[PDB]
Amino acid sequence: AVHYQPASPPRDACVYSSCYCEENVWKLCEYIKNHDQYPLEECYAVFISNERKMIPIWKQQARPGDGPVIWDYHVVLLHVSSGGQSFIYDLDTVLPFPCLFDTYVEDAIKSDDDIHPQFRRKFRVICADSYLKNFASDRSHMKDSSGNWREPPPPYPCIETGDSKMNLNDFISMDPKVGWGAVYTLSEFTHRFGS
């Protein structure tokens, strides 16, 4: 659908802290829930990681022109629009915000075929309503031994729920028996959402 209206504000107006992608995506989900543009049911938080927590992603703001960046995990927002098309909202991409799903997979993710197997990408896809209901982080993974902050934490209170003050590892995990949502290989992920 060629007149797609973004589900979020423009990039420069969105809540963002570098290296807190899980929260940046949570805040996009909250915005969408709080507005009347799109049903929340059309939206997903997507964690990208693997067993070794070393995943390349290209077209990244942290290293433009000379990708990939190797992340422990990265999180983006996926919107499956009614118009025949999914879109990726990744505040850390140099691709457009938002970006057509097929373009994001082609240019940011790329094929796993010739990637060293321990760097191959898996995807945990969580419905946005479930992500808002269930996610919790006390940010403790970003404080080192010293104990200093690896990157400055966001200024608003930690996201917590009645059931947990910290379950980030259950979203980073690509073990299908753990956590919420469904875990997909790159092939299964593109089969589900690709055009």
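One-based numbering along the sequence shown.
Set 112-120 against 77-85 and average the Cα temperature factors; 77-85 ends up higher. In this entry, 142-150 shows the higher mean Cα temperature factor of the pair 142-150 and 165-173. Ranked by C-alpha B-factor against the other modelled residues of its chain, residue 100 falls in the lowest third.
Residue 90: CA B factor lies in the middle third for its chain, per the PDB record. In the PDB entry, residue 182 places in the lowest third of its chain by CA B-factor. When the modelled residues of the chain are ordered by C-alpha B-factor, residue 158 sits in the middle third. Among all modelled residues in its chain, residue 34 ranks in the middle third by Cα B-factor.
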